[PDB]
Amino acid sequence: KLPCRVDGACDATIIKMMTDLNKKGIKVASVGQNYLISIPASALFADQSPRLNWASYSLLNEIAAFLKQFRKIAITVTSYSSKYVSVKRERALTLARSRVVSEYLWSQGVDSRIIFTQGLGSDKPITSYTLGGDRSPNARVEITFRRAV
Amino acid sequence: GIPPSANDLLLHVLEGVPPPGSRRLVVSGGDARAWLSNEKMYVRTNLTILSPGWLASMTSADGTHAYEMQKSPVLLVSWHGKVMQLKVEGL
Amino acid sequence: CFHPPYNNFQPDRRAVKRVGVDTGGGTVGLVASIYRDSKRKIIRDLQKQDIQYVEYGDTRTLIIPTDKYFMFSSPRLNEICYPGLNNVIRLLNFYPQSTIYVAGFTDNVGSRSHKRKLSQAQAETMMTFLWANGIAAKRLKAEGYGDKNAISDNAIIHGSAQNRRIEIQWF
Amino acid sequence: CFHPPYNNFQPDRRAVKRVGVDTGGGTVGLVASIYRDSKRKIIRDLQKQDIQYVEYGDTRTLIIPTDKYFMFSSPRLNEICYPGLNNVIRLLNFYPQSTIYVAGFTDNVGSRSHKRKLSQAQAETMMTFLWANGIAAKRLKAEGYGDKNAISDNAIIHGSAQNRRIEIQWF
Amino acid sequence: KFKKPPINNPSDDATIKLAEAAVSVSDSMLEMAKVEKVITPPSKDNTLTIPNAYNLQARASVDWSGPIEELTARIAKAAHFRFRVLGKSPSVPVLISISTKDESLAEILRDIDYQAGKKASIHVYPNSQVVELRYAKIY
Amino acid sequence: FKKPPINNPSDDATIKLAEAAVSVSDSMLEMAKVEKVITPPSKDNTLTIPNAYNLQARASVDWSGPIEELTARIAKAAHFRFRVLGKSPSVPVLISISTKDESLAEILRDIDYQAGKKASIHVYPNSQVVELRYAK
Amino acid sequence: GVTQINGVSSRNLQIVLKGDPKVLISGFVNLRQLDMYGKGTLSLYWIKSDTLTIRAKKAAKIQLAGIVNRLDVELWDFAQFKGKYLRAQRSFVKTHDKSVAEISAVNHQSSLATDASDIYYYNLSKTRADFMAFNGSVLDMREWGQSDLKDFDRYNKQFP
Amino acid sequence: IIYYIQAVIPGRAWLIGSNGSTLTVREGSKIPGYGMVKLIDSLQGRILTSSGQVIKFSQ
């Protein structure tokens with residue numbers, strides 16, 4: 001009569017969508033009990049504007065379906081971009097991008113308590129090759145959480 | 001008419017030793033223990049009891065709670081900001 | 001052949017033995033050598049052992065468990081697990097220009113000074129083993145943290161077991 | 001083709017795609033185009049979605065439900081229901097000289113200032129969506145009323161649901 | 001064909017009865033709040049006690065139904081501030097219930113401070129980067 | 001393709017229920033704004049951090065008893081002098097400090113907050129002394 | 001040519017430019033319309049108008065400050081409108097390719113950016129409505145450290 | 001009486017009063033009821049006076 005597992009969750013399904021996201025190009029990493037999802041900005045937004053494409057909602061649905069498989073308390077969404085005009089414009093752009101991404105994620109049914117959003121601009125790059133625009137590898141959105149129990 | 005201070009059996013409940021002469025109850029859905037001695041439950045858990053109401057309460061040094069309350073087959077608790085239920089059997 | 005205690009700190013001539021025994025083909029031995037000397041085969045062998053590799057951007061990180069690669073509650077290196085250490089040296093040989101950081105982490109059991117001293121001793125031992133295989137001393141730095149920034153929960157058994165580790169980072 | 005988010009506010013070339021796909025007849029494609037570009041077909045399409053059209057004398061009125069064409073308790077426009085908005089623009093393109101009045105109405109639940117502010121915000125959002133598609137700013141005016149002059153009873157569920165609306169009148 | 005625009009999903013009479021109760025509860029609260037505001041006009045705002053600064057403008061959406069201390073510690077840790085507690089915590093716990101969407105951490109702290117009432121208070125010192133929770137001098 | 005919210009009020013009774021809940025929450029927030037009374041930070045009667053070099057050392061205190069003994073031990077650990085001005089009552093002032101890693105100045109601030117109107121703690125750093133002053 | 005005028009008090013003014021002027025006017029001007037097709041720079045110090053219609057075609061620099069009841073701005077390409085410190089109750093702004101507008105709307109704001117254009121606001125209006133077509137963008141561009149900063153309401157929360 | 005700022009520029013500001021009378025204020029000038037102006041802020045709508053109060057925008 002008691003439940004036998006977390007409802008709507010399967011380890012084989014978790015492995016399947018992890019492999020599928022890694023083949024598509026969305027970076028999924030797990031160290032200990034911490035989980036990281038890294039998405040390039042070109043696969044979500046337009047050329048340096050906080051407007052989502054219409055075709056990125058399928059990828060956002062896949063990310064939400066991956067996120068429904070775990071139990072968690074807080075999620076963090078952080079945005080990074082590249083240098084275009086000044087620092088105020090890129091910080092505002094990253095904050096708007098994180099706001100829109102977390103708005104759609106909260107609209108979908110993730111069972112979290114708190115979602116934090118920040119945009120850091122271009123303060124923390126991961127690659128010294130900074131020749132591209134939104135095609136650069138260091139223009140991205142990062143989703144971090146910790147699996148609870 | 002000074003009211004009584006507390007029940008000193010909650011110290012043994014805090015340590016985890018059941019009261020003498022009591023019987024065990026089965027708790028499902030969370031990390032909690034319960035005993036029944038004199039038609040009252042004694043509950044040892046580190047969660048927060050929300051709905052049914054308790055009569056006496058003690059707290060340990062590491063954050064464990066001990067409650068004295070009347071019998072009920074259900075408990076409403078808050079885990080990490082989320083409200084859920086615990087099932088009590090064997091009453 | 002190969003000496004099991006670290007091959008006397010000599011560069012192992014692994015390929016010539018296989019291409020000399022695969023003749024009684026030379027092209028088949030060369031194909032086997034160029035397959036087994038690849039970086040992905042070294043990563044997959046380290047994956048068969050209990051050592052984790054993480055690459056993100058231009059930074060690479062190796063995670064090594066002290067519970068299997070050290071003797072218990074000591075800074076001594078466990079000599080039974082020498083293929084993992086040899087594969088670590090083989091993987092680190094592919095980047096001859098980067099700087100190396102090694103860090104030690106333990107769980108929450110014990111005293112603060114004991115945790116700091118044990119982590120520092122294990123970090124010094126791993127840094128010395130890296131130094132003795134050819135890596136220069138100016139490219140190395142070791143640090144031991146306690147239970148400062150853990151990656152799992154210390155209130156559960158498996159999560160506390162996952163927290164005792166050695167981290168190797170390079171650019 | 002067609003971009004689902006408002007086609008980048010461009011006039012859609014609907015006829016040439018149909019007469020280019022119905023060739024492998026040109027006359028059959030022209031007949032289909034002149035049928036589907038008619039005013040009555042647009043009115044019946046707006047009847048297939050939940051938008052009501054009332055013509056009486058020389059004044060025309062469109063009734064649009066906020067419960068389906070707006071997100072809940074927000075002045076945000078629901079992007080899923082874009083064919084109804086595109087058909088509204090297509091119907092309003094037939095009268096390039098008239099003036100437009102848009103009004104917002106809610107039910108009786110809430111405070112008076114809250115109802116007035118929500119109606120005003122929804123009216124401004126609908127007027128801005130009309131303005132961004134080509135209609136000049138001097139032909140537009142938006143006003144938000146509360147529960148002032150309702151069309152159904154607010155003491156019943158369906159009648160209270162019928163009262164939350166956007167009214168578009170033109171001459 | 002004759003039609004009228006709002007055609008939604010079919011409704012349940014239990015939800016109908018709950019809505020009929022909730023409307024009367026809502027306008028009773030509206031009348032009582034109006035009378036209370038007319039009798040007692042407030043004169044001070046908690047902007048002075050809780051000011052904003054940089055990296056308090058990161059945003060959050062929260063649905064929390066538990067005690068105040070863990071949520072305040074999580075907000076402070078996200079805002080990169082130190083956390084301080086003053087006073088003795090009461091035996092009956094101080095319970096809060098927050099359900100918001102996409103607002104700033106200063107506004108979150110102000111709503112938590114207003115919902116705490118006479119039991120606890122929130123102070124923010126931005127020069128030392130300290131979020132402080134103090135309990136009331138009662139019991 | 002964009003999806004609707006799963007817990008969306010697509011029902012004509014659930015819409016009314018949810019907007020009634022929103023109005024109730026807004027009215028409760030207004031009532032809380034009316035009833036809450038605050039103090040300005042200029043006249044807040046709480047001891048500030050005396051930011052001397054000897055008072056930034058960490059400490060680990062577990063104590064539940066009189067204020068004078070703990071304050072004397074804190075002054076000895078901070079290498080200050082300690083003096084008392086006033087008269088001890090029949091019922092002593094009881095505080096409770098349980099911290100693992102906290103500065104001595106913050107411990108003194110928490111002691112002064114928990115003492116209330118009965119006693120106050122003053123710190124003089126030029127002539128390094130801690131004064132415990134009772135209320136007449 | 002350059003022009004520096006200190007003090008104009010007129011109830012009506014209409015300015016149209018066709019070449020490359022560098023003109024600044026001080027005083028009190030009830031402006032009504034403005035069209036630029038050349039390479040002009042114009043700055044007025046104080047205005048008190050009722051309805052302004054601004055059209056910028058090729059490369060224009062306009063700097064206004066004052067009180068305007070209703071403002072309409074059309075930028076076509078390579079045009080910069082610095083309508084900061086010009087508080088408008090009603091604003092309608094349309095920007096086409098590679099043009100920049102910086103507005104200060106107060107009550108009602110309606111903005112459209114078509115393609116690789118930038119619109120910036122500096123005040124939180126009571127009603128905001130922004131639209132993006134190809135690559136344009138509308139940004140908040142506020143301080144984040146001001147002690148009296150205002151948050152979004154139920155009636156202003158629009159997600160780009 | 002009380003004053004509110006109407007428009008602001010680097011260098012000077014435009015003020016409106018309760019009676020509807022306009023005023024133009026410099027960095028160094030005297031206005032009635034407030035005293036001496038010591039600072040004019042352009043990024044934020046603040047005019048600091050010698051009496052210890054700030055003229056801001058209307059609400």
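Residue numbers (my numbering), protein chains in the order written: chain G, 1 to 149; chain P, 1 to 91; chain E, 1 to 171; chain U, 1 to 171; chain H, 1 to 139; chain X, 1 to 136; chain B, 1 to 160; chain F, 1 to 59. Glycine included, every Cβ here is placed at the ideal spot set by N, Cα and C.
query                                                                                                                                : result
For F70 (chain E) and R76 (chain E), the rounded distance between their alpha carbons                                                : 6 Å
Members of the stretch 53-85 of chain H that neighbour chain B once the beta carbon cut-off is set at 7 Å                            : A53, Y54 and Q57
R81 (chain X) vs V37 (chain X) beta-carbon contact at 9 Å                                                                            : no
Min CB distance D102 (chain H) to chain G below 9 Å                                                                                  : yes
Beta-carbon gap between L95 (chain H) and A79 (chain H) smaller than 9 Å                                                             : no
8 Å contact criterion, which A137 (chain E) and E124 (chain E) should meet: CB distance rounded                                      : About 13 Å separates the two Cβ atoms, so there is no contact after all.
Sheet register partners of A29 (chain G) (DSSP bridge)                                                                               : G:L36
Test: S26 (chain H) CB closer than 9 Å to a CB of chain U                                                                            : yes
Nearest-angstrom Cα separation, counted from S57 (chain P) out to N38 (chain P)                                                      : 17 Å
Inter-stretch contact (C-beta, 8 Å, three-pair minimum) for the stretch 79-88 of chain G and the stretch 117-135 of chain G          : yes
Alpha carbon of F72 (chain U) to alpha carbon of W54 (chain G), nearest angstrom                                                     : 22 Å
Beta carbon proximity, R135 (chain G) to chain B, threshold 9 Å                                                                      : no
Chain-order list of residues whose beta-carbon lies under 8 Å from that of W131 (chain U) (same chain, five-residue window excluded) : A137 and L140
Selection of the stretch 17-42 of chain F by Cβ proximity to chain B, strictly under 7 Å                                             : none
Inter-residue spacing [alpha-carbon to alpha-carbon] between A59 (chain X) and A22 (chain H)                                         : 54 Å
C-beta contact flag for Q4 (chain B) and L24 (chain B) at 9 Å                                                                        : yes
Per-residue burial, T40 (chain H) [other beta carbons within 10 Å of its own, 16 or more giving buried]                              : exposed
Cβ neighbour criterion (16 or more within 10 Å) applied to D62 (chain X)                                                             : exposed
Backbone secondary structure at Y69 (chain E) - three-state DSSP                                                                     : helix
Cutoff 9 Å: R109 (chain X) Cβ touching any chain H Cβ                                                                                : yes
Residues from the stretch 110-139 of chain G in contact with chain H, defined by Cβ distance under 9 Å                               : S112, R113, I114, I115, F116, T117, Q118 and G119
3 or more residues per run - each beta strand (DSSP E) lying fully within the stretch 22-70 of chain P                               : 23-28, 32-36, 40-45, 56-59 and 65-70
Rounded straight-line distance, which links the Cα of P126 (chain H) to that of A116 (chain B)                                       : 39 Å
Within 9 Å of chain E by C-beta, residues of the stretch 16-47 of chain G in sequence order                                          : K27, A29, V31, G32, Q33, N34, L36 and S38
Beta-carbon neighbours of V83 (chain P), restricted to chain H and to distances below 9 Å                                            : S65 and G66
Buried or exposed by the 16-neighbour rule on C-beta atoms within 10 Å, applied to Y34 (chain F)                                     : buried
Per-residue DSSP class, three states only, for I138 (chain H)                                                                        : coil
Segment limits, alpha helix (DSSP H) that includes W131 (chain E)                                                                    : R112 to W131
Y67 (chain P) classed as buried or exposed, judged by whether at least 16 other C-beta atoms fall within 10 angstroms                : buried
Closer than 9 Å to chain E by CB, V6 (chain G)                                                                                       : no
Contacts of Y56 (chain E) in chain G (Cβ-Cβ under 9 Å)                                                                               : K27, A29, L36, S38 and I126
Rounded distance between the beta-carbons of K118 (chain X) and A135 (chain X), thought under 8 Å                                    : 5 Å
CB contact below 9 Å: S91 (chain H) versus chain X                                                                                   : no
Status (buried if at least 16 other CB within 10 Å, exposed otherwise) for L86 (chain P)                                             : buried
Helix, strand or coil at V54 (chain U) [DSSP, three-state]                                                                           : strand
Distance, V27 (chain P) Cα to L75 (chain P) Cα                                                                                       : 10 Å
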